[PDB]
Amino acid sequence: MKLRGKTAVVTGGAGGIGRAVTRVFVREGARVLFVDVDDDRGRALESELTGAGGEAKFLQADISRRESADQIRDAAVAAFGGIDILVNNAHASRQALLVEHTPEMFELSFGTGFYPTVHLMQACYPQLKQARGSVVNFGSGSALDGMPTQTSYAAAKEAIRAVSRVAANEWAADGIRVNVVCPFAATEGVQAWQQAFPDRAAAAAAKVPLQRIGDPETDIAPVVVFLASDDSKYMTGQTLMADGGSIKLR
């Protein structure tokens, strides 16, 4: 009942952290329109959530396209009448040294991570202002450190955090809060990275003070629920570290 009566939009909601956000949000009483290009995982998640009596709607959409932001907003409004929560979770990237980077690498990272964050916030702003709602964007601890091979990934992530701080200041008068989560969780995207960079991945796992890679449902999603809920109604423009204590903000 933490999000009872609230409507949430979750991008990349068919897998990884976005799937766990969708599951826990519905479990907390929220109506969720979750968006993904993966309709195999997307339709089965819709089937599982609606079977248990939850209100979830899958929308198959590539959020990197110009018309996706308005289609996502229109689909949430048509299905649930409003938008209280916007979780900009989806992001794709490629890892390579800076001297190895290509324009396609920046296009992927900014096109799937940064610009959908901006465009969905612009499209959903009237609905979020009506709801006095909450926007949860996603950063990364490796973008804070400057982890090697993360040129295009970290550039988009820190651009996401920058616009999150600007929007927090611009939208605070409307009662809309904007915050960032930096997670570390066992997802499909992390498993592919652990296979391509096993030494770096093992060093990252061994660094976690709490001695585990996060579970998306029990370690990451409750932090997103907190930011989407009225418990954080006096918190905006912040970055929450859901990483087992790996990086401590000062």
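Just count from 1 along the sequence shown to find any residue number.
The question of which stretch, 218-226 or 50-58, has the higher mean Cα B factor is settled in favour of 50-58. The PDB entry gives the largest Cα B-factor of the residues 134, 169, 88, 130 to 130. For residue 80, the recorded CA B-factor ranks within the highest third of the chain. Only modelled residues enter the ranking.
In the PDB entry, a CA B factor belonging to the lowest third of its chain's modelled residues is recorded for residue 237.
Ranked against the other modelled residues of its chain, the C-alpha B-factor of residue 12 as given in the entry falls in the middle third.
Sort the modelled residues of the chain by CA B factor and residue 182 lands in the lowest third. Ranked within its chain, residue 103 lands in the highest third, by CA B factor from the PDB record.
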